[PDB]
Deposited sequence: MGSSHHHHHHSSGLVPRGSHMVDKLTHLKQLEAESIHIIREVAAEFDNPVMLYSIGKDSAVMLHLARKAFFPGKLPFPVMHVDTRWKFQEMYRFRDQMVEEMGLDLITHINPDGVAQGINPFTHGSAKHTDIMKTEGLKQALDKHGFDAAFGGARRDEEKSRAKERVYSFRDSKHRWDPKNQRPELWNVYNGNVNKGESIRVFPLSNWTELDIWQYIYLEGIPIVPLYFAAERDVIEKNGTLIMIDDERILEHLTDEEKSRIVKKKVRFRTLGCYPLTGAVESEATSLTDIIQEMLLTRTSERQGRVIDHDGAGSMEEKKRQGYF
């Protein structure tokens, strides 16, 4: 018998390939970790990640909750967008609340405190490697210890699309599904998929 050829299936375009690769990552974490969360901003990258998360589990809902670390106040059009988003998707959204000082106490500490209160061992961030220079040496999985800090020797080489999620009791990770996407990839994905977006068109 003669095997099937590539001329039978539509070849993988860059966005479809990125889509599949990010879906795979999300599934792995879900498969290996007990209490994941999707850290959802109200911004554009987190909107792409949430769309990927849906695609990852269809026809099921997200097996993990979605989180928003709320500051004092963001744009009014963001709250209204996110509020409608929860009701229109039957979503489980957790809000948390307790730019030098501001961001440190509200975001950094807030997110830190939110992860402890619920007992999450994995957290989905929509950060990209092309967003800041340092991010170039970043991995998909970012291992944190009990007291929450990052240690170099605890980080693991990421070989193929095989990922090591073996973690200890009280240890948590940071996952970046979108790390291979570029600014152009995201907007191009938003446009083709028709992902709803906050009326403001400048990076939030």
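*Asks:* Where are the gaps relative to the deposited sequence?
*Replies:* In the chain as deposited, 1-13, 112-125, 232-325 carry no coordinates.
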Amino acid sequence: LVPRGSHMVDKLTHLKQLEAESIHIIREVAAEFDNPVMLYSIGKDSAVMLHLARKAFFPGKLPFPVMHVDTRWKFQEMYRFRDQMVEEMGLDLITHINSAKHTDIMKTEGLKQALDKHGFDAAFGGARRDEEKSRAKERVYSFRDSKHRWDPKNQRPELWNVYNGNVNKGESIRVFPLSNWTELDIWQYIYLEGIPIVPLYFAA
From here on, numbers count along this sequence of modelled residues.
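*Asks:* Mean Cα B factor from the PDB record: higher for 85-93, or higher for 122-130?
*Replies:* So the stretch with the higher mean C-alpha B-factor is 85-93.
*Asks:* Divide the modelled residues of the chain into thirds by Cα B-factor and specify which third, lowest, middle or highest, holds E158.
*Replies:* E158: CA B-factor falls in the lowest third of its chain.
*Asks:* Once the chain's modelled residues are ordered by C-alpha B factor and cut into thirds, is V48 in the lowest, middle or highest one?
*Replies:* Within its chain, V48 is a lowest-third residue by C-alpha B-factor, going by the deposited values.
*Asks:* If you rank the chain by CA B-factor, which third does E28 end up in: lowest, middle or highest?
*Replies:* Answer is lowest: the recorded C-alpha B-factor places it there.
*Asks:* Among the modelled residues of this chain, does the Cα B factor of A136 put it in the lowest, middle or highest third?
*Replies:* As the PDB entry reports it, the C-alpha B-factor of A136 lands in the middle third of its chain.
*Asks:* Sorting the chain's modelled residues by C-alpha B-factor, tell me whether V175 ends up in the lowest, middle or highest third.
*Replies:* Bottom third by C-alpha B-factor.
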